[PDB]
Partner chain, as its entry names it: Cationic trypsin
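Given next, in structure tokens, is a single chain: the form deposited without its partner chain.
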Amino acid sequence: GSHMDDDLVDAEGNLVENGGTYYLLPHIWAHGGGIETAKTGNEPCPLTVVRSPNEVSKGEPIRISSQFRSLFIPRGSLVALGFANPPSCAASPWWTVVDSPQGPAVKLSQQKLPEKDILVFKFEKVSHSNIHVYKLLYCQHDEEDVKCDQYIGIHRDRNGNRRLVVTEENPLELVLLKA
């Protein structure tokens, strides 16, 4: 047997498939649509992970992978998040957090990444039971083994890009729809 409610759940009540693709949507419709990429700052192409401003858009299917190959993703598991179909100028589909004067930001990279650079996310079910809504934690380095005390949120640059970045308040609250 298996511990009850011990795995990530999608919008339809079915357990999240380890390695499967999902649209990451905000629980609150008015907040926007799914996940996309955009070219910001001095990037030569789309390397910034962002949230679509279109509430109707489900955005890109996002692959969610745990460290080990189990069927489902146990609650509290460190995970990697990547685009099933990444922008062509990215060298890998996996998201990664990079420092910037505007605070840590979720980006893609034009080179291959070491796994301590991608296994840095962790979902955390939002306390207002059910509905299966999750906050997204970013996990930095304690020294050796990991501390997840930072939440991913949105930052609208003045070009209207709703960038995913580690923020102080208003963390994301996502529902995962099977893609």
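We call the rigid core the largest set of C-alpha positions that still match within 1.5 Å between the two forms. Positions refer to the first chain, counted from 1. Residues that one form lacks are left out of the comparison.
This protein has a second form, the form solved in complex with its partner chain, left out of what is shown; the following refers to that one.
- In the entry with it bound, every residue of the candidate spot (72, 85 and 148) has a heavy atom lying within 4.5 Å of its partner chain.
- The closest heavy atom approach of residue 76 to its partner chain in the entry with it bound falls within 4.5 Å.
- Interface residue remark: residue 52 is not counted as part of the site for its partner chain in the entry with it bound, having no heavy atom within 4.5 Å.
- In the entry with it bound, its partner chain sits within 4.5 Å of a heavy atom of residue 66.
- Taking the partner from the other structure, its partner chain in the entry with it bound has a heavy atom within 4.5 Å of a heavy atom of residue 119.
- Superposed on the core, the two forms barely differ at residue 115: its CA moves less than 2 Å between the shown form and the other one.
- Fitting the two forms on their rigid core shows CA movement of 2 Å or more between the shown form and the other one over runs of at least three residues at 5-7, 28-30, 41-45, 143-145.
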